[PDB]
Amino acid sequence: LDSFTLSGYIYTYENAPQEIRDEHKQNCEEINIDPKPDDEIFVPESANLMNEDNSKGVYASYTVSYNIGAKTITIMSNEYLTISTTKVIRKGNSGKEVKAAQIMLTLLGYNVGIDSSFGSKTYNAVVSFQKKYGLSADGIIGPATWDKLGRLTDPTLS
C-alpha cells in the first residue's frame, strides 16, 4: 500500500539542500545546460540527507496511474501530470516525461535525482531497470520501458 506512494519535498534549485544542489549541478553539466535558480527538484523522504530543513521546501506525495488502453501514465499529487507512453525520451532531454520517469524509477528504488533532466544517473538507472526486467538495455525510455514502469508502479496493475 504505502510502498506505491512517493513522498518528499519540492525545492527550487536556489532553496534546495546543498547536496541536492550539487547533484543537480552535475546533472545539468552532463547534458551541457546551465541550471537556473527556479529549477524544481523533488527530494524524496527516502533520500539520505544529514541536515535537511523542510521549511524551505513544499511537501508533495505522488502516486501513479497507468491507463494501458489510452497509452498514458498519470503522476498524481494535488496536481496531475499526464504523459503518453508513445513518447521516447533519452539522455539530454528535459521536461515532464523525464520527471515522470524519475518518479517511477525512484519508487522502484533507483537513485536518480528528480529534476526533470535526463542525465547520467537517469541513464544508468534506465539501463539497470531494463536489464532487471528483460528489456533491451539501450537507456532509452520508449513504449516497452514505459509499460513496464507503469505496471510496476501502479498498484491496481499486475
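Note that residue numbering begins at 1 and tracks the sequence as displayed.
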**Complete:** Of 105 to 113 vs 51 to 59, the stretch with the larger average CA B-factor in the entry is 51 to 59
**Prompt:** On average, which has the higher Cα B-factor in the deposited entry, 66 to 74 or 34 to 42?
**Reply:** 34 to 42
**Message:** For the CA B factor values reported in this entry, which option in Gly150, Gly139, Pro17, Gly142 has the top one?
**Reply:** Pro17
**Request:** Would you please rank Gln26 by its C-alpha temperature factor against the other modelled residues of its chain and give the third it falls in: lowest, middle or highest?
**Result:** highest
